Protein chains: 2
Amino acid sequence: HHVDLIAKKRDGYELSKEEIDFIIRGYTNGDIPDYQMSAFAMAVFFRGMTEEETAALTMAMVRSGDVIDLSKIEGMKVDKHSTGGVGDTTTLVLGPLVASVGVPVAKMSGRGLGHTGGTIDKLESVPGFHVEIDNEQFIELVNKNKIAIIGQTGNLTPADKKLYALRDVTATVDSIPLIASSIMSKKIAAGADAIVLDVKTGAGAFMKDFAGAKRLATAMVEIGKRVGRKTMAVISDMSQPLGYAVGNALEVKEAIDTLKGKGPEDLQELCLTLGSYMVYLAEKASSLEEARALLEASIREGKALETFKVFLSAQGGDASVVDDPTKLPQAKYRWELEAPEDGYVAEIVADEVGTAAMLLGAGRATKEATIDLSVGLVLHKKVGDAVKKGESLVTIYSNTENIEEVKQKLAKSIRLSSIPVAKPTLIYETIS
Amino acid sequence: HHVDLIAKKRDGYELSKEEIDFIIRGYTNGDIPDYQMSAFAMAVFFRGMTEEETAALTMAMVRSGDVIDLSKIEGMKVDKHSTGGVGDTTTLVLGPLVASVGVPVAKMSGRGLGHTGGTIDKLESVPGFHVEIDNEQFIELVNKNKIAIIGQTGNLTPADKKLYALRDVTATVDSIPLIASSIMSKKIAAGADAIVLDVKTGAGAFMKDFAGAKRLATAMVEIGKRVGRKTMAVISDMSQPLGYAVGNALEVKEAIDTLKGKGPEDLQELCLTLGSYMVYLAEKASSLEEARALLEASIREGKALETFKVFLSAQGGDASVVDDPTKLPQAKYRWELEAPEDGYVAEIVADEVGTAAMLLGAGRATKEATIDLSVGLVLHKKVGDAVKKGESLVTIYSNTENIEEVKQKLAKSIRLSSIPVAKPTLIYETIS
Ligand SMILES: O=c1ccn([C@@H]2O[C@H](CO)[C@@H](O)[C@H]2O)c(=O)[nH]1
Ligand SMILES: O=c1ccn([C@@H]2O[C@H](CO)[C@@H](O)[C@H]2O)c(=O)[nH]1
């Protein structure tokens, strides 16, 4: 009786590969009912899984569906995953950036239900840009330009879709082996040969303390070691929002700034770090140092920006947004939230900035909502900055003037100290 | 969202009475699906419940259905519950025994799926005895004779029926608060004013170590303290089968022996102990010592036996079985299992004797099977007894001669040492 599988995990014993395969296959097909799977997931929450178990679980979820074939795209396929957070524009920058030095970027994604738009929602800020190409045109564009984007249509990791939904309604999301296997299985099924992970830490991150962030990163790197997909993880800071802009059109404008070498310092450093790992793992550089140098040169010489222009134009977008960002959707109203006193920024509560952006309408809440891509916010002070009373802490971009609740949430989220504060560490450590 | 209730328990926090009531009511009615209840039960398995939580859970399960009204039966209603085990004939003896000194025994029970027949299955060994009376005749007989038996028909603790079934298929049976609340809720819903518990310990018991037996007993006594139903628990030994007979007709014959003061010593001592507590709690004696003396006198003077005769006759049975046990169903075959060597009985593996009785057909396996009430076994040596090679260790009563598997299981279950062995302790301790 299937109950034995639950009992075994409950008692702290390691499931075999055969048992993990059996339970995932039966749950996927309906042989194992949801109430047994949820008891099993709670037992995992308390007793965990070994590295061998976690890798077996990852591959059982990969095998539950289809695997995207990228063999006709020349080169190693390296993919990036972040748990993300408020202001994380890295995906918009990293594509053109690494593609400009020869790393093929075969980007597949789907419209999310998150706190901002997904990559597709954001890129659709660009007039004329649309992602409705078939797989052949996708392959062609990647081999020609080294970058393209398509909407995910494959039946990937159906077992993960099902199990993550169940976890979400049974208080079993917060389990390192379940999180690690979910994320990695999705990247492997999408055809990654190698994987770069940005694991966030701090109050704005998925894992709310550094130890947990490190354990998650380690778990995913070990999965990759065992399934033959080299994986490297950077642990980076989300104690405050990244960069300045939170939104859709606003984050595209900031990404354009960053590709020109004049973006926020934190986003620039993060994109250079993640991208150096992507370039090295893709074997388009002989070392991380060489990869970093190539990306700094591509930025300063304008090649990453030209790559972005090629990418936009190839799928219908008006690349002139790079010269004239006013062609992105513009907000009807702008408001300056003034500082109430002199001081130094000691904290920006990332979760609350995210909530403020959501209240303005920058994110999706129902499976399909239409999003006003013009709205959001641009922070002007980050942790460590000096502030004078009356100085603008943030600009609020809205489609109406009825934003008192947004003003109050943002004012409360920006914490000042009367004495100077140090910059937090951005890049904590690399796990490989 | 109901998920919060799961998360709270998962994180180790105490649910309030309101929350326990809400979750039980919603699960009972279907508002809370099985996969959330099973995640909750697994969280309880790991994090447990306080005494207040466990009492709230007990009463929420009582309130989920009907409560039997015994107010027309005069006197305090005291009920007994045992987790039971191989050879436990106490329920057959205790009824007539305590009724003979004025304790009203309003016995309600239903046919079980256990390793022997239930009380009703066993009593139906008596020719003509049937339990098909309505509640009025039941009340009348208890007030006249101080004892009667009826088949449970009330919709009692539907929430417990549902949750125990779920626990059985999710590896969440083995949880002290869940076990304690299940047992006590059933006894409270049946109308007990006071409760005597026989919590077994040892390899033949529900709790497989003494510490756990003691924790379960303590948990149930505390429930009773908080819900206003005085509860006392005896921890007793099931390291070996109780008494000699395992079966149906065979255990009735042994119960008759015990009521005459010539039964097995262990069963006599257990019935005197449990019954003294029942008599005292029913306020039919001023102290446990007086209660014990009254029961010893009732046995030696033949009054408990006459009470059994009244009980049998009042519901159709041929009371002459008390003088002539051959009127109970007789087995077609008897086999003596001889000892293979000289020695001393060091162990009788209770679970395996139970399995042997089941193989002979003494128990039910499908919801409704017809049971041959004649079959089973009579042990002739208990732990501590001296044995000679060739002496009968047990008599096997069967309806065919094809019992090689029974012989082998019983031979392996009776363990001999070459040097003398002490009698185990029968009564470990009383919790109140
Ligand atoms: O079990 C998990 C947890 C997180 N995520 C990823 O992490 C994001 C949240 O940090 C999600 O939207 C998803 O992309 C998963 O895929 N699976
Ligand atoms: O959760 C539980 C566990 C045990 N029991 C009782 O204990 C017996 C097994 O020891 C069962 O048949 C039943 O009567 C319950 O009622 N509920």
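Numbering of ligands and ligand atoms starts at 1, following listing order. Naming convention: chains lettered A, B, ... in sequence-line order (proteins, then strands); numbering from 1 in each chain. Only this structure's heavy atoms are used, side chains among them; waters, hydrogens and symmetry mates stay out.
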Distance check, rounded to the nearest 0.5 Å: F206(A) atom CZ versus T83(A) atom OG1?
7.5 Å

Going by the rule side chain to side chain donor-acceptor pair (under 3.5 Å), which residues pair with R63(B) if we only count those two or more places apart in sequence or in a different chain?
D21(B)

Nitrogen or oxygen contacts under 3.5 Å, ligand 1 side and protein side:
{"residue": "ligand 1", "atom": "1 (O)", "partner": "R167(A)", "partner atom": "NH1", "Å": "2.9"}
{"residue": "ligand 1", "atom": "1 (O)", "partner": "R167(A)", "partner atom": "NH2", "Å": "2.9"}
{"residue": "ligand 1", "atom": "10 (O)", "partner": "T83(A)", "partner atom": "O", "Å": "3.2"}
{"residue": "ligand 1", "atom": "16 (O)", "partner": "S182(A)", "partner atom": "OG", "Å": "3.4"}
{"residue": "ligand 1", "atom": "16 (O)", "partner": "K186(A)", "partner atom": "NZ", "Å": "2.6"}
{"residue": "ligand 1", "atom": "17 (N)", "partner": "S182(A)", "partner atom": "OG", "Å": "2.7"}

If you measure from OG on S64(A) to CG on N155(A), what distance do you get to the nearest 0.5 Å?
7.5 Å

Tell me every residue that passes salt bridge (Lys or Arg N to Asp or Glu O under 4.0 Å) with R229(B), counting only those two or more places apart in sequence or in another chain.
none

Going from CZ on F45(B) to CD1 on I6(A), what distance comes out if it is rounded to the nearest 0.5 angstrom?
12.0 Å

Show me the pairs that pass salt bridge (charged side-chain N to carboxylate O under 4.0 Å, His left out) and involve residues 154-177 of chain A, at least two apart or across chains.
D160(A)-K186(A)

